[PDB]
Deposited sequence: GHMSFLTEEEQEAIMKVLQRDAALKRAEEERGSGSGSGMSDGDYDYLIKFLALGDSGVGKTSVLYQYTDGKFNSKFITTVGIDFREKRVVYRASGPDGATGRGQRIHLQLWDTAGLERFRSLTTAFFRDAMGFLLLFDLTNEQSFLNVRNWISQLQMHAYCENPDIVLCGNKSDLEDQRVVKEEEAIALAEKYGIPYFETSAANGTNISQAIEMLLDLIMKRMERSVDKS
């Protein structure tokens, strides 16, 4: 009925932080460290999406994120050229930040935005209110990011729940066009579009870094 920040919950968060300082200390020395961050209302599937992508697995039981967490995955990035071209493959080491969407964690999660080079914004195709909130999330991103106009990839998630969709695809494609951000309908249950969405953000983050 009345819940408080338990000691176990804070122990959890401190170990995410210890692990992070560990990861960063080592990188001061595989061949590029690309970080991005997933955000969106609680229950849209941020954790599920990252898990499907790192491990190809899905757990249908809701285990809400205690503040903050992150996964990693070593991948190969090949610079995609114009009209189907690619380029050479340098090794990319991803750090995938995963934030709690609950308000009680808003200030803890908001301080990690500056660690990100790009953002995976998620709403639930079955929850119109999570879609309405995409606007508020985008301005919080502009207001706390590194970079004046940060790279974003919008995901409407739970596309496998067709008989419960309430956000019409047109409303979502139009919102995305309004802001100039790539849009993908995803499903963490079966993996649809998960790899393409993230690979699209990686491409945005690597192409932006080759204009300096």
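Not built in the structure, per the record, are deposited positions 1, 31 to 43, 227 to 230.
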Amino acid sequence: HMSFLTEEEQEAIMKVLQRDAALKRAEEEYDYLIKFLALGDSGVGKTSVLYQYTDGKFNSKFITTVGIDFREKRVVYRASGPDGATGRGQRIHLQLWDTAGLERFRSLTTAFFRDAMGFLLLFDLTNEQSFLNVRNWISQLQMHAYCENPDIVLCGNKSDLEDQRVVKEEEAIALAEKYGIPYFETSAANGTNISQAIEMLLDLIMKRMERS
From here on, numbers count along this sequence of modelled residues.
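Of the other compared PDB entries of this protein that include residues on both sides, at least a third leave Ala85 without atoms. Comparing 71 to 79 with 128 to 136, the higher mean C-alpha B-factor in the PDB entry belongs to 71 to 79. Stretches compared: 154 to 162, 30 to 38. Higher mean C-alpha B-factor in the entry: 30 to 38.
In this PDB entry, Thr110 carries a Cα temperature factor that places it within the lowest third of its chain's modelled residues. Placement of the Cα temperature factor of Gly101 within the chain: lowest third of the modelled residues, per the deposited record. Among all modelled residues in this chain, the alpha-carbon of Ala22 has a temperature factor (C-alpha) in the highest third.
The entry lists a Cα temperature factor for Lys61 that places it in the lowest third of the chain's modelled residues. In the PDB entry, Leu122 places in the lowest third of its chain by CA B-factor.
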